[PDB]
């Protein structure tokens, strides 16, 4: 219907994006702003080159009703980009000698009837046959979010060992962090990421964003322009059910800091970062990110938000775009991809 039309409009936007020039004898602000304006971007945009911020600008409204404009320090949902952080949490446990990537899931989830042999390595690479079709419709504490998933997950033998995206893999990994450490995931995340890296605009949505908050907006089918006519709800249960997988908010700077710190070896040895970030035979995905010849990427979608990061192998050069106004017909990822490609060539 309009669904199909929206995919087509987005293809056409990617076309116009991909055919924009980009020269380094022209002002960075002007060129990036032109590309963001093409997609009618709403949110905040960060471009870093050899660790220097070269573009940092916000567009549209954090909360239109309250006349609050998005700011460079606005907070957005990182969504699935949190999986890369859960992945690093697991590999920290590997480095500390507390788990192995060859461990079978049945070591941690003894009640599972099928897929018991599935390794932690496979869960980290999206090469498992597990799927959770939906979480609990009522708010559950972490231990019960984990219990729900372990008892409600499907297993598909056809999908064992081949890349197929399934979020429950990372919820279950978060439950393994809980079991091994005896800590909550929220506490683990706070000490290992928030405290460690001095993140001041990072937290869990279930506890509120505080200052510089944003509101998620709902687009009607096939719309490209932001009208802010409808907010997108997210219940407490939906936030709880994103344990390990998409329950965190960050500023663009805080997201860049985490992903960069990972690659620079600040949280985990460079050797273990490389072991973690290893693609598979069937997919670029490995260890919670997509692995490319020219760095990593991760993308998130939900609750009216979209998030995107592209980052160079050494962590010093990249693009973060986050939006509180997802539109299928005006996605942000192709824009971030093009900026990153140009940035890595030397064209900015």
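Positions refer to the first chain, counted from 1.
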Higher of the two mean Cα B-factors (192-200, 74-82; per PDB record) comes from 192-200
Mean Cα B-factor check, 303-311 vs 63-71, entry values; winner is 63-71
Entry record, C-alpha B-factors for 223, 127, 245, 211; the maximum is at 211
Top Cα B-factor in this entry, restricted to 216, 175, 89, 97, sits on 97
By the entry's values, the third containing the CA B factor of residue 33 is the highest
Residue 166: CA temperature factor from the record, placed by chain third, in the middle
By the entry's values, the third containing the CA B factor of residue 234 is the middle
The third of the chain into which the C-alpha temperature factor of residue 185 falls is the middle
Residue 132: CA temperature factor from the record, placed by chain third, in the highest
